[PDB]
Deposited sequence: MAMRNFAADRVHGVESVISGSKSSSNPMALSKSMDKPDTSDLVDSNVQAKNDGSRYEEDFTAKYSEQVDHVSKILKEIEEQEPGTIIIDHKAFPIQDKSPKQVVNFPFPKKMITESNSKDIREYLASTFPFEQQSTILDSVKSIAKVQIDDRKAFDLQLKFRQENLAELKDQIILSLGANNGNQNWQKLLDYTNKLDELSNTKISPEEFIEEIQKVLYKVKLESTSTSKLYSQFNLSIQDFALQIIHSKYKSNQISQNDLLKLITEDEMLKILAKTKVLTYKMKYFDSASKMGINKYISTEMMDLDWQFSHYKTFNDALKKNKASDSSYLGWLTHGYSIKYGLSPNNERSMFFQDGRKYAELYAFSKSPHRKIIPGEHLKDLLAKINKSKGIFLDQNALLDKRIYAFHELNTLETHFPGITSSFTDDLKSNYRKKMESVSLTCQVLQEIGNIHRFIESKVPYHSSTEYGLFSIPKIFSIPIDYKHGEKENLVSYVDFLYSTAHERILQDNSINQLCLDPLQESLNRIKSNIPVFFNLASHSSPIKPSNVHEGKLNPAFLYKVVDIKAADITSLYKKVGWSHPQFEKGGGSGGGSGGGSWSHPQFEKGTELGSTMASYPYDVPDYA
């Protein structure tokens, strides 16, 4: 299928549609850097807790009793206007004390508690100081990292695998999804308060992404899952001395960085290895600016532009996956959710029929998304394997399915 080139002009109709249609209104879009362009979450979240409780009650008719107490306690704590001190103390107890079916229910309870913390902050029921007292605890950071990784894996891994974008899942881009908005406010508060906390959280999160099979590799990592390696990275970031003949105690880190850059740039290396090296290098540069930079042997070997290209490709594939799941939800006689367990309650389910002008806006969104990407990626022979090829394959897949779903 030929790729699309329709520039970027007259996008008023699409911009309005995305700002007024669920779930697009609860998220941003890449179509925002081009220089050519609440009060409902409460009732939505309340109904999800009611459905979870109803399923637990039924299973006890066949330690489930313990799960029901926690579920009832969270519902009780959320719909009551009490003192901030009491809310903090009560919620801390629940989170710290927490078969295939049992694990799934257990994780949802943990995630709902964080959603409840999130709703109270936005409604000014708790101040900024009380929030920081909670989330700056090392145990809270480890809970945030593990719950984010595990919840993301539970919901979209099978969907992503059936379409073929699982290899491009990026830890640095899991907070852009509409269901993970609460994590972004917490990260933003931590960055403003103390930049070192956001970097430590990022390092932990990627370590857990590695541990739980999101980034598979035969060889063990060389930067994550080890307190000494974080200590070395921290020591390196705090250095006014820009390595004028540095010491032998930190000269092994540059060799490891160079080996990964060599592997990434090596066009003969296996696809699986290059993407792993990309994910490793992307996190390091985002949270430790300048660690992967080394003048003189970077200007000839175009590196910066290649990283930008792969990062744009990853973002685009995620937005396409969300659009695909959306279109696949408007099918007659559905009675099931495509966004994971306890995602959309029956009361707030997506309407079965198409609203007037929706089809045209969706096709325009798709076309503008593919046309914006092409004007930025690097077209050459050394990289056309991690960027152009997957984008073309995805375009081929989306254009084949759309004419089928729009005809009942």
Going by C-alpha coordinates, which parts of the deposited sequence are missing from this model? 1 to 107, 145 to 154, 180 to 184, 221 to 227, 538 to 625
